[PDB]
């Protein structure tokens, strides 16, 4: 379509379906998830977000990303640190896993932030809109299938405290994305990079699924 936000949505319709069909996601969607499985997804998010945030900070002032730079509304590292401290204990940093599929996602994130910054928006869009649109849902499934204590911790990641309205923020985020200036070629590589982002998530699911099944 005309607007980038609309173009991205239509073009990733397919890989999104493949994302939904990933055995791991498929199971999670069925309210079928275990502590160990959830723990792995949280560690995964931590590594992904640490890398994504580093690259955003590196390019926050570039016109290829500045419009979608929302440090207060979207930072997630802190929330994940809080959550991992609950899921893995005070020494979480020393025991959390860092698998090949997690490494690969991190690798592309850095390659994009360092050598192809024009495409960073594709990764931010995929990650943030994914976590913003499906967050609240997975949080529910989680607290229903995890039966965690009233410790009041472990799911902070699923709540963006600095966004009063998810619907309204997404409208603003799409507008900022559509305000980005890009040639037809860059526009196309951004669309293709969005597909790569989904694929990296799909590859992560496939890996986590095989690890859990042993």
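Positions refer to the first chain, counted from 1.
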item: Higher-scoring stretch by recorded Cα B factor average, 163-171 or 44-52; value: 163-171
item: Which of 174-182 and 29-37 has higher mean CA B factor, as the PDB entry lists it; value: 29-37
item: From 124, 79, 101, 137, residue of greatest CA B-factor; value: 137
item: Highest-ranked of 74, 120, 106, 132 once sorted by CA temperature factor in the record; value: 132
item: Assigned third (lowest, middle, highest) for the C-alpha B factor of residue 201; value: middle
item: Among modelled residues of the same chain, the CA temperature factor third for residue 112; value: lowest
item: Third assignment of residue 142 from its chain's C-alpha B-factors; value: highest
item: Residue 64 - which third its CA temperature factor falls in, relative to the rest of the chain; value: middle
